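Novice: Right, I'll just put the structure down here and ask away after.
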Amino acid sequence: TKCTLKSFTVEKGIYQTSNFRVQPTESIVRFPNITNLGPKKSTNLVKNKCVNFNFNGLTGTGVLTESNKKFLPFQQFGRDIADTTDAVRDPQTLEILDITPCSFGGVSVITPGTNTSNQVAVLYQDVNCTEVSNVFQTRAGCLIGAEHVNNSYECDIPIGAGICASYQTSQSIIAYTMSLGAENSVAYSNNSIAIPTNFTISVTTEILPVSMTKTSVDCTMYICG
Amino acid sequence: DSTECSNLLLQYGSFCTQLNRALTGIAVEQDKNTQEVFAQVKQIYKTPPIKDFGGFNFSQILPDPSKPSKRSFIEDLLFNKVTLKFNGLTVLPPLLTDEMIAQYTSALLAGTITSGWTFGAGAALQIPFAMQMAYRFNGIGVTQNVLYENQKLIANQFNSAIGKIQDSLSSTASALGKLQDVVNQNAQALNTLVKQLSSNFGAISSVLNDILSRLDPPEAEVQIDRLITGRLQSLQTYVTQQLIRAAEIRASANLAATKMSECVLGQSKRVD
Amino acid sequence: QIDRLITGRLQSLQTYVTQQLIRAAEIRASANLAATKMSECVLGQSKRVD
Amino acid sequence: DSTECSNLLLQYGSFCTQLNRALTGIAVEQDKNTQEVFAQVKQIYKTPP
Amino acid sequence: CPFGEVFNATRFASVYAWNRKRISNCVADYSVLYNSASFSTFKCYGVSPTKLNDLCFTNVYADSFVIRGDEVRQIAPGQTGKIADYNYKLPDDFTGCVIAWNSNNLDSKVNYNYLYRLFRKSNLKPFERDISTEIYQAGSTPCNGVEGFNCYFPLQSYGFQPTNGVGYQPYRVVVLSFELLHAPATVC
Amino acid sequence: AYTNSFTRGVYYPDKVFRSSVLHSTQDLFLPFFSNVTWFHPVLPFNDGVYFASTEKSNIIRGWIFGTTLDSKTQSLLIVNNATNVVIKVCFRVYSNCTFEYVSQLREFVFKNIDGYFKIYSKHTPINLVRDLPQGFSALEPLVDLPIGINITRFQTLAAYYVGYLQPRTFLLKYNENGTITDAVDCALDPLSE
Ligand SMILES: *[C@@H]1O[C@H](CO)[C@@H](O[C@@H]2O[C@H](CO)[C@@H](O[C@@H]3O[C@H](CO)[C@@H](O)[C@H](O[C@H]4O[C@H](CO)[C@@H](O)[C@H](O)[C@@H]4O)[C@@H]3O)[C@H](O)[C@H]2NC(C)=O)[C@H](O)[C@H]1NC(C)=O
Ligand SMILES: *[C@@H]1O[C@H](CO)[C@@H](O[C@@H]2O[C@H](CO)[C@@H](O[C@@H]3O[C@H](CO)[C@@H](O)[C@H](O)[C@@H]3O)[C@H](O)[C@H]2NC(C)=O)[C@H](O)[C@H]1NC(C)=O
Ligand SMILES: *[C@@H]1O[C@H](CO)[C@@H](O[C@@H]2O[C@H](CO)[C@@H](O)[C@H](O)[C@H]2NC(C)=O)[C@H](O)[C@H]1NC(C)=O
Ligand SMILES: *[C@@H]1O[C@H](CO)[C@@H](O[C@@H]2O[C@H](CO)[C@@H](O)[C@H](O)[C@H]2NC(C)=O)[C@H](O)[C@H]1NC(C)=O
Ligand SMILES: *[C@@H]1O[C@H](CO)[C@@H](O[C@@H]2O[C@H](CO)[C@@H](O)[C@H](O)[C@H]2NC(C)=O)[C@H](O)[C@H]1NC(C)=O
Ligand SMILES: *[C@@H]1O[C@H](CO)[C@@H](O[C@@H]2O[C@H](CO)[C@@H](O)[C@H](O)[C@H]2NC(C)=O)[C@H](O)[C@H]1NC(C)=O
Ligand SMILES: *[C@@H]1O[C@H](CO)[C@@H](O)[C@H](O)[C@H]1NC(C)=O
Ligand SMILES: *[C@@H]1O[C@H](CO)[C@@H](O)[C@H](O)[C@H]1NC(C)=O
Ligand SMILES: *[C@@H]1O[C@H](CO)[C@@H](O)[C@H](O)[C@H]1NC(C)=O
Ligand SMILES: *[C@@H]1O[C@H](CO)[C@@H](O)[C@H](O)[C@H]1NC(C)=O
């Protein structure tokens with residue numbers, strides 16, 4: 001994050017430091033039986049593992065899985081919407097598989113600010129972290145390096161999905177379901193009124209930007225010079 | 001995930017850190033919009049156990065514990081009215097969950113029912129709902145005796161008027177036009193952005209692995225460059241569309257915040 | 001070669017000026033709100049709550 | 001109105017459709033603006049003679 | 001592709017009437033050819049036999065015949081001789097392979113009859129085939145379809161004796177030729 | 001003796017599968033309500049052709065496609081036969097063999113694209129005779145052979161409709177199964193437009 005922010009000190013916040021895509025292993029190729037007799041090598045298939053695959057000249061990277069959708073006897077591979085291959089039938093065993101893009105998502109750190117401490121809590125967005133101290137699943141992704149607490153406080157760093165993280169005491173980063181506010185039930189009754197008997201006058205600050213810097217770019221001197 | 005394309009893209013410059021920065025800006029702006037509109041209550045207000053608000057009936061708009069979502073009947077109706085991870089596109093979840101927003105509105109509603117406009121000013125001071133309605137009639141110019149002499153009739157009118165909203169929402173289609181239009185516009189933008197990939201963009205073929213495979217790297221570089229410039233142009237167009245539409249929705253969200261303040265929290269003399 | 005450089009630098013300048021226009025629209029909304037506040041809250045007393 | 005140019009333009013994609021959609025949205029928005037500003041009265045009123 | 005019925009054909013053909021087999025609508029596993037250890041020569045021109053197992057061709061020809069040792073060197077572009085001029089000629093821009101192996105165990109007994117052409121009024125064009133048995137007129141006097149003075153029958157038999165020298169023993173030759181135009185293809 | 005080609009006459013464009021989505025395809029199709037030339041001979045092949053035939057006694061036999069059909073240039077000679085269907089580039093009817101293939105209302109669609117011959121067929125339980133009722137069906141059981149010539153003749157050897165495909169976009173609705181339940185013709189009508 002110090003690199004992607006171009007600084008040696010980053011303020012308290014959550015910064016999308018990079019992106020994380022599970023890399024494919026043991027790419028596979030398949031081509032129908034060589035019944036009429038150059039030739040094309042073919043190998044066995046896999047399941048539930050992000051793999052680069054070649055099915056009948058169609059190259060793609062994903063997790064192949066069993067699919068309940070039935071093709072018609074002539075259809076080879078299917079596209080659900082927006083011209084994206086979503087299903088494909090293998091030419092050897094005549095079986096339909098569903099393709100899902102193997103997990104990918106932004107990796108963003110949560111830091112309380114450098115001068116406060118050097119601790120960080122990694123958040124891998126929308127990744128069910130069965131794969132790469134305590135690993136806590138949240139509806140906004142996976143949190144690595146942040147203790148989960150049961151009590152709730154006001155939101156400090158917005159993680160997402162109703163969850164915020166903050167640096168608190170020993171001296172750890174904690175993630176919690178943010179508290180909307182204090183709870184009170186004002187005592188209503190059909191013959192009860194609450195009348196103020198005193199008052200406080202209060203001055204508050206409202207800050208509003210009204211202008212920008214009047215920049216002027218010489219088009220020709222910038223483009224050519 | 002093509003390395004040679006990665007290098008040819010790298011040589012263009014800082015366009016993508018810029019696009020990511022714009023998108024993350026509008027992303028956090030959305031959370032700011034929701035929080036600004038709904039989080040105007042200091043502390044969530046529970047409504048009293050027995051509802052005897054001077055003959056007025058708030059069962060429809062008040063939260064029902066029986067529902068798992070813990071949102072009011074009309075809110076569930078509105079949710080049902082609308083009908084709301086491919087290649088590099090991700091949709092980040094909103095910071096405030098739908099349940100949290102329902103809780104915000106329940107707090108605001110309980111506060112305005114029990115304490116009138118006092119809770120917006122400061123500490124929530126409770127008045128019997130009839131007397132508060134008399135306050136508000138004094139606000140609009142009608143003397144307060146008009147309410148008390150006609151309290152049952154006014155209660156019946158309010159109850160039947162709330163009843164009409166349920167029919168209007170449940171039966172009349174496209175009641176939630178603006179919100180459905182927002183959803184459709186966002187779906188349209190993402191869909192056309194994904195469709196642009198299939199576009200040839202003047203190269204020999206759209207699919208990048210194929211253009212890599214059947215040409216020499218010196219020649220393939222030019223076709224890959226055409227694909228990159230076209231895709232980058234489409235993505236830049238999507239980002240600028242998002243920026244402008246986010247500005248428009250920010251204006252609407254500011255209007256909603258102002259109406260929440262000036263009308264829910266207090267009575268307003270601004271006609272219409 | 002100068003054609004490639006011209007096209008790239010022109011695209012960068014164009015996206016810069018477009019983002020500047022949008023940011024200026026935001027600032028104009030903020031400045032109109034500030035003028036409304038200065039007119040309704042300093043030049044007078046305002047009843048519209050919060 | 002040249003077919004040779006149009007066929008080349010097809011490759012670029014949905015750019016023309018997007019531009020047409022944006023412009024027609026601006027067009028309907030203008031009618032919405034005039035309607036919102038001036039159509040505040042349910043029924044036309046005539047001043048007495 | 002039926003490369004087996006071309007290479008393991010029980011009987012071959014005389015070089016003057018060389019046999020051509022058109023390969024079409026099939027998948028050719030060329031590895032069977034170059035992984036075999038029973039060939040004397042496997043000269044390919046303008047094409048890599050180890051690199052066309054993921055390649056397709058618009059047209060594939062297979063030419064098979066029988067010659068003798070010192071004549072295998074004539075089955076190549078830009079060659080001259082009895083075989084190259086009067087029996088089987090390859091073009092200068094030949095794209096294909098010349099495959100040959102000794103066939104003394106098959107085409108030599110002490111009962112096959114292999115022939116070759118002796119004379120011709122002009123050299124053969126590439127991939128031309130002359131099977132005419134008309135008497136060659138070498139002099140001014142015209143033959144009457146009969147052999148005589150300055151008149152010779154144009155075909156001779158090979159003297160394939162099992163005790164011949166290596167260069168005089170028979171060699172079976174297969175000539176695969178390829179074409180790759182901007183047109184449909186059926187041999188992959 | 002013409003007769004309007006009704007809705008029927010649409011085929012699956014490509015191999016892909018689509019579930020409960022609307023798609024737009026741009027290739028040769030048979031126009032909606034386009035008066036096909038019912039024959040009761042000689043037939044040209046300007047472009048891809050929809051051939052639809054009804055025979056109670058299955059009198060009609062295979063199609064003799066040919067660019068010239070003068071024995072000068074290669075024909076296509078689709079024929080059919082109780083045991084098998086035989087098609088050769090080269091019986092009673094006659095007129096450098098390149099390729100031969102042998103394998104196994106009556107909708108038939110034949111088209112030649114970049115030298116590839118494509119066939120689309122369908123079988124229907126017809127209940128009304130002498131009219132093709134407006135309805136929807138398609139399949140792609142085909143045989144591909146790289147001829148590379150422009151066929152111009154049919155000479156089918158008891159009446160058959162024949163219509164000509166044209167390059168006009170269609171909008172095809174897709175069922176949950178992936179079959180094409182319905183379609184509309186873009187340039188047929190302003191409403192369909
Ligand atoms: C309405 O609210 C206002 C709040 O501002 C309130 O005025 C405050 O009254 C209190 C009570 O008298 C003041 O507190 C005292 O102020 C005197 C100075 O005048 C101090 O000397 C006092 O300190 C001594 O007493 C304390 C309590 O006994 C001890 O704890 C302490 O150690 C000292 O011994 C004490 O602070 C306060 O100053 C004012 N505030 C202001 C701004 O004037 C007002 O009374 C309320 N009105 C009603 C009707 O309730
Ligand atoms: C393809 O589309 C067809 C038609 O839309 C679907 O056919 C119908 O599917 C349902 C649910 O699968 C079937 O209901 C079940 O039928 C069985 C007997 O077939 C019955 O015992 C069950 O109690 C239930 O009612 C329905 O019958 C079936 N229609 C038929 C067979 O005519 C089909 O489901 C789609 N394909 C897939 C893979 O979903
Ligand atoms: C390709 O060859 C494989 C090899 O046998 C065939 O696989 C068999 O498929 C049948 C179909 O039900 C199964 O019962 C067998 O158990 C399979 N055997 C093996 C070893 O996989 C496959 O069907 C062939 N496909 C085609 C299109 O010919
Ligand atoms: C935080 O709250 C959760 C509520 O589920 C606690 O988890 C339960 O703990 C009790 C007592 O240890 C167990 O009997 C339950 O089986 C637990 N339920 C689940 C779903 O895990 C958790 O112990 C609490 N942690 C702290 C530190 O208070
Ligand atoms: C407030 O309105 C609700 C909604 O109509 C009332 O609840 C219904 O009352 C009727 C009696 O007329 C019952 O038959 C329904 O089952 C009730 N529920 C619904 C969902 O309709 C409620 O009674 C009203 N408040 C008071 C105090 O009567
Ligand atoms: C039906 O068609 C088949 C074509 O396959 C005919 O049988 C062929 O006859 C030729 C001529 O002898 C053979 O070379 C083929 O091997 C045969 N093929 C098959 C599949 O048998 C057959 O004569 C036709 N007529 C009938 C009545 O079967
Ligand atoms: C941050 O830490 C530095 C010491 O490294 C300290 O001087 C500074 O006051 C700190 N900032 C704040 C806001 O406390
Ligand atoms: C994550 O995956 C594991 C196994 O694949 C599964 O048991 C678990 O329920 C999943 N959790 C989520 C939140 O997807
Ligand atoms: C038949 O010919 C093939 C070449 O096509 C060769 O590889 C094979 O060994 C031969 N069969 C024998 C010798 O049994
Ligand atoms: C004979 O067929 C072959 C293809 O099988 C073709 O290349 C050749 O030109 C044809 N001959 C004539 C005279 O058309």
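Heads up, residue numbers simply count up from 1 along the chain you see.
Including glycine, each Cβ sits where the backbone N, Cα and C put it.
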Novice: Of the candidates E:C26, E:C44, which does Swiss-Prot name as forming a disulfide with E:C1?
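Specialist: Answer per Swiss-Prot: E:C26.
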Novice: Going by Swiss-Prot, which one of E:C44, E:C143, E:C151 is joined to E:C97 by a disulfide bond?
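Specialist: Between E:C97 and one of E:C44, E:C143, E:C151, Swiss-Prot records a disulfide, namely with E:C44.
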Novice: Using C-alpha atoms only, work out the spacing between E:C44 (disulfide bond) and E:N8 (N-linked glycosylation site) and round it to an integer in Å.
Specialist: 20
Novice: CB neighbours of E:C44 (disulfide bond) within 10 A?
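Specialist: I get 18 for this one.
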Novice: Run a quick check on E:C44, E:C56, E:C97, E:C143, E:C151: which of these disulfide-bonded residues have any Cβ-Cβ distance to chain A under 8 Å?
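Specialist: Out of E:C44, E:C56, E:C97, E:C143, E:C151, none lie under 8 Å of chain A.
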Novice: Considering only the disulfide-bonded residues E:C56, E:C97, E:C143, E:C151, E:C188, which residue has the minimal Cα-Cα separation from E:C1 (disulfide bond)?
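Specialist: Result: the closest of the disulfide-bonded residues to E:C1 (disulfide bond) is E:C188.
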Novice: Please list residues from the chain of E:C188 (disulfide bond) whose Cβ is under 8 angstroms from its Cβ, counting only those at least six apart in sequence.
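Specialist: In sequence order, the residues whose Cβ lies under 8 Å from that of E:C188 (disulfide bond) (at least 6 apart) are E:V27, E:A28, E:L55, E:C56, E:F57.
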Novice: So of E:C1, E:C151, which of the disulfide-bonded residues has the fewest other Cβ atoms within 10 Å around its own Cβ?
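Specialist: Minimum Cβ neighbour count within 10 Å, taken over the disulfide-bonded residues E:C1, E:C151, occurs at E:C151.
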Novice: Where E:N8 (N-linked glycosylation site) and E:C151 (disulfide bond) are concerned, what is their Cα separation in Å, rounded?
Specialist: 39
Novice: Looking only at E:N8, E:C26, E:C56, E:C97, E:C143, which of these recorded positions has the biggest number of Cβ atoms within 10 Å around its Cβ?
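Specialist: Counting Cβ neighbours within 10 Å, the top one is E:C97.
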Novice: If I take the Cα of E:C97 (disulfide bond) as reference, which of the disulfide-bonded residues E:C26, E:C143, E:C151 has the closest Cα?
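Specialist: Out of the listed candidates, the nearest Cα belongs to E:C26.
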